[PDB]
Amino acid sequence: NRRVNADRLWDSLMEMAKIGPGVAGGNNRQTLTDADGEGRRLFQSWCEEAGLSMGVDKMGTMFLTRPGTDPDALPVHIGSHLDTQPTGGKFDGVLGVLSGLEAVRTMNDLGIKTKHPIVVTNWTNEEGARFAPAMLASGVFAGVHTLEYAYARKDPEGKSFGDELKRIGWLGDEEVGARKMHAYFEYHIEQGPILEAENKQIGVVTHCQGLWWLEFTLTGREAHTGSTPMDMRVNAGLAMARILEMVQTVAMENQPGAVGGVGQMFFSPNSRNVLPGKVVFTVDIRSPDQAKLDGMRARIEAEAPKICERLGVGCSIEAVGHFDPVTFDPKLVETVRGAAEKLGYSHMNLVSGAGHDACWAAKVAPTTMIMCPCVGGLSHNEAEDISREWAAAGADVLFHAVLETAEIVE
């Protein structure tokens, strides 16, 4: 029956958006920047004012706990991320974290007690923008990455994740992944166009498509772009161009349910009149179909070296991100659907297109996701947009799904 405070939630989103603003009304609040520090501090202060106690793990993940009435009951987590892309929207990650805070504030308002404690979770470096892989803290949590692997990830300026975590003062004391969860929920914008296009308020997320991030390092020969005869050039840029085209072909020949593309690129030494000695870029390929994902990976890894060999270019590939398609916990999926039905919101099943911390939580606990629409499916763009009504409806569903799972006690 009872709804969260839509205005309080919205105001919190607008306040958090002031921290680490981008250039176009979104956010550039990347993981382990001073702006990330400030956002974490603001979130902490709100949660502490709402009666939550804070724990922080050695990956900087923040766990804000509301007690249950059963002191041995495992917690129901509500998680997402406050770190953003360089061209981040105000809603990616933030909606889920702040909807957790609002769920708690509404429980406080209504004097609600639950059997299971509730833990609002802010995972470090979900985005994998500054340091790859994405979902890095939740990955250490679920036992997929070592702490030392995570700490040694570097940004483009050669700064290491571990040192930056230490720099901004968010190194916590808890062993990563020492917490066991009764259940994990994550509310997130769709980052796709389906809910909007289908006129559905709520995405009942059943699955998440898998990914490989394959980082290519191509070795060319630095040479003068003026005086070097064409047939003596070892052109790693041209090899990269052919690889990008080949990735487009691979993605298109695996439709529907496949994507492939490149967002990050570096030439060295990156002089206008020097052919690059090194060209580094990451191919992002995804599919909800396991066999398709692995076929795309195998094909790209077989074809790309041949492209390079034809040009005399060296080719090295490193996986800097990976998870197989995820199936969310079917019982919690039904809980989400039942919450939508109880509240009178339209819903449909979705397969998440993006990766989320929920994907790793799913390895160690019953996990599901809830989505609201976003305009044009636009995300990782500062123009990312949802309405107050969209935000609120999904937060209501989160609230009720959590209450059903954590169990209201009079």
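The first residue of the sequence shown is number 1, and the count goes up from there.
Just going by the entry, 296 to 304 versus 78 to 86 on mean CA temperature factor gives the higher value to 296 to 304. Taking the mean C-alpha B-factor of each stretch as recorded, 44 to 52 and 361 to 369 are not equal, and the higher mean is that of 44 to 52. Residue set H188, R242, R286, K180: peak C-alpha B-factor at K180 (per PDB entry).
Of all the options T282, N122, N125, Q290, the entry's greatest CA B-factor is assigned to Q290.
Ranked against the other modelled residues of its chain, the C-alpha B-factor of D92 as given in the entry falls in the lowest third. Sorting the modelled residues of the chain by their CA temperature factor places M59 in the lowest third.
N27 sits in the middle third of its chain by CA B factor, as recorded in the PDB entry. In this PDB entry, the Cα temperature factor of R310 sits in the top third of its chain's modelled residues, the highest group. In this PDB entry, the Cα temperature factor of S346 sits in the top third of its chain's modelled residues, the highest group.
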